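Atoms within a ligand are numbered from 1 in the order they appear, just like the ligands themselves. In what follows, chains are A, B, ... by sequence order, proteins preceding strands, each numbered from 1. Just the heavy atoms: all of them, side chains too, but no hydrogens, waters or symmetry mates, feed the values below.
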Protein chains: 2
Amino acid sequence: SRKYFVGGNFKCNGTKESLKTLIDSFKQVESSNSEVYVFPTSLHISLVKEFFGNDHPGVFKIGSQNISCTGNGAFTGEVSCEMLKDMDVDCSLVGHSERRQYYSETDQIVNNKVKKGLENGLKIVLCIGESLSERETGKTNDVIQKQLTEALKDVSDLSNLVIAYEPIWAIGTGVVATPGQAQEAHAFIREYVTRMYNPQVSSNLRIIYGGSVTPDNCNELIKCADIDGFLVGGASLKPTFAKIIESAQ
Amino acid sequence: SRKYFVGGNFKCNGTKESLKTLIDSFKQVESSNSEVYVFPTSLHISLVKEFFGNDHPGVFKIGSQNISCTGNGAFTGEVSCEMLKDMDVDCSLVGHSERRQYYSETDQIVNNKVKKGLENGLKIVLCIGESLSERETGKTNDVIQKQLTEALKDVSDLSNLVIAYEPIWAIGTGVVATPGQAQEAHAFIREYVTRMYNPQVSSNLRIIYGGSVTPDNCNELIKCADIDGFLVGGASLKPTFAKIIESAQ
Ligand code: NA
Ligand code: NA
């Protein structure tokens with residue numbers, strides 16, 4: 001059976017003081033049957049590693065929120081896979097909705113980043129999802145197919161991939177996603193991955209839910225047959241992120 | 001008379017070990033009449049601060065290679081001015097040629113970033129410059145005017161601004177800029193700032209040269225009347241960056 005994956009995307013948040021307090025809480029988490037990652041900002045990755053230190057259970061690992069399309073060189077403002085590996089970071093998000101929406105990350109850029117990450121041995125959390133206009137006009141499945149076809153173009157091996165479904169339509173719009181709707185989207189993603197690859201590959205692929213996750217709804221969502229964990233937003237900046245990890249046990 | 005400014009842009013380069021060695025050299029620099037900044041990647045800022053420690057000569061300060069357009073929040077992959085201030089970083093590059101060229105930073109995004117940086121108390125190194133096609137078609141001045149007009153739109157106070165002129169036409173093209181050509185571009189920039197503001201403001205504004213700078217040419221360039229220091233690329237990842245600082249004495 002698939003090992004569950006619980007990620008905490010800090011986004012553009014954190015201070016030295018707030019992260020010190022938060023990581024002190026996370027060090028109290030004694031064990032997990034799931035993979036557990038937190039994704040601080042690039043500015044905070046080394047600090048967060050220092051805060052964890054060695055006096056912890058080895059439940060939490062650290063990931064990046066983004067990776068450069070290129071390796072080292074004349075890429076002002078960018079951070080490369082090789083730099084991350086030097087820092088002992090073995091995972092990154094790619095194609096988060098916010099980067100697609102705000103920073104001109106196209107499907108083709110996302111493909112480039114997935115390939116770059118996987119080639120450098122990183123675990124890549126590929127983010128996909130449709131907007132409210134797309135959902136309301138019946139294009140959910142068209143969008144998921146396009147995003148997968150393009151993001152995974154010439155990507156042969158999914159062993160180090162995880163897919164996060166972001167119900168963009170249900171984030172900040174006043175519209176709310178039910179667990180049933182989440183499950184339906186995850187089942188469809190898995191079904192398309194079967195077509196693009198095969199049933200063995202799709203059966204092994206973790207598909208994590210990247211909508212609104214809190215301590216109040218995580219236990220219901222994780223039971224859904226095609227939901228294999230979470231990519232958590234704001235709830236990952238609170239000690240009760242531990243309750244979300246516990247739901248995945 | 002203007003205080004000179006020597007910046008070292010590391011771009012997307014560095015490892016823990018290589019930076020440890022480099023900063024150990026930079027700590028040997030005993031004094032400078034110039035402002036001195038190094039701009040590591042965001043991943044490396046806290047480690048570079050560690051390596052300098054708390055008993056060095058106080059010659060070097062640390063800057064960022066980029067800042068977010070927005071403050072904290074749901075901006076995956078971005079690092080904000082407020083985050084930089086929390087880490088005691090007081091300076092950033094904005095509008096570097098590589099970000100304009102590769103990451104879709106328009107003049108309007110650059111304006112947004114200059115305003116956001118300055119409003120948060122950061123010293124902003126605004127980068128401008130024209131391409132080889134622009135230079136060869138006679139558009140150098142048109143391009144500089146446009147870039148300044150847009151980047152400084154509604155920017156009233158230039159006390160925390162520095163401008164870096166990047167002769168993009170002379171970087172990676174096989175075409176080489178002479179110090180005379182650099183001087184001519186710097187003089188034009190200052191002349192246009194006079195028109196946009198006034199001669200007091202333009203006489204106080206540092207305009208630093210962001211073309212090819214090494215220990216072999218820095219002494220000739222710094223003597224130029226309108227060249228007030230440097231934004232150095234690859235030469236800033238070597239101990240001999242110290243020789244470039246020394247040219248600005
Ligand atoms: Na499940
Ligand atoms: Na000069």
Side-chain angles (χ1 to χ4, degrees), chain A residues 1-7 32-36 125 162-165 167 177-191 193 202-214 217-232 243-249, chain B residues 1-7 32-36 125 162-165 167 177-191 193 202-213 215 217-232 243-245 247-249:
Chain A
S1 69
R2 298 185 293 282
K3 185 171 193 74
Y4 287 172
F5 183 106
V6 179
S32 177
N33 298 152
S34 307
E35 294 192 58
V36 177
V125 182
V162 171
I163 298 187
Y165 174 62
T178 66
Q181 292 168 325
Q183 167 57 27
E184 181 178 52
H186 282 234
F188 181 77
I189 296 164
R190 200 176 304 280
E191 288 167 9
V193 175
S202 73
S203 79
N204 287 321
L205 179 62
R206 283 79 61 78
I207 309 174
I208 64 180
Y209 177 69
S212 163
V213 183
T214 75
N217 71 349
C218 54
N219 289 101
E220 184 176 359
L221 287 156
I222 195 60
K223 289 158 188 45
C224 291
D226 293 90
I227 301 181
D228 305 323
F230 302 113
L231 182 62
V232 181
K243 297 290 193 166
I244 302 169
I245 293 162
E246 164 200 296
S247 77
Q249 287 284 91
Chain B
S1 60
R2 298 184 292 283
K3 182 171 194 75
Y4 286 169
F5 184 107
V6 179
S32 175
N33 293 158
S34 304
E35 297 195 58
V36 179
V125 182
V162 172
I163 298 185
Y165 174 61
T178 68
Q181 287 172 322
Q183 169 54 28
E184 176 182 40
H186 279 235
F188 181 84
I189 294 164
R190 199 177 304 280
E191 286 167 14
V193 173
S202 74
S203 76
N204 286 324
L205 179 66
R206 282 79 63 75
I207 309 174
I208 64 180
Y209 176 71
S212 171
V213 182
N217 67 353
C218 54
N219 291 102
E220 186 175 358
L221 287 156
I222 195 61
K223 291 171 188 182
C224 290
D226 293 89
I227 304 179
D228 308 318
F230 304 112
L231 181 64
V232 182
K243 298 216 164 256
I244 299 166
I245 291 169
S247 71
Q249 286 286 91

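- Annotation: side chain of B/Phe5 is not in contact with side chain of B/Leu231 (no heavy-atom distance under 4.5 Å).
- Ring orientation note: the planes of B/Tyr165 and B/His186 are nearly perpendicular, at an angle over 60° on the 30°/60° scale.
- The 12-atom threshold is exceeded at CD of A/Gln249, counting heavy atoms of other residues, nucleotides or ligands nearer than 6.0 Å.
- Tested against B/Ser247 for a side-chain contact (heavy atoms from CB on, under 4.5 Å), the candidates B/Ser34, B/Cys218, B/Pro215 yield a single pass: B/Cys218.
- In this structure, B/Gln183 places its CD atom where more than 12 heavy-atom neighbours from other residues, nucleotides or ligands lie under 6.0 Å away.
- The stretch residues 203-213 of chain A participates, sequence neighbours left out, in these salt bridge (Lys or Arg N to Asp or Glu O under 4.0 Å) pairs: A/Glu35-A/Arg206.
- Listed by chain and residue number, the protein N/O/S atoms under 3.0 Å of the Na ion (ligand 1) are A/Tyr4 OH, A/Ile222 O, A/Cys224 O, A/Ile227 O, with waters left out.
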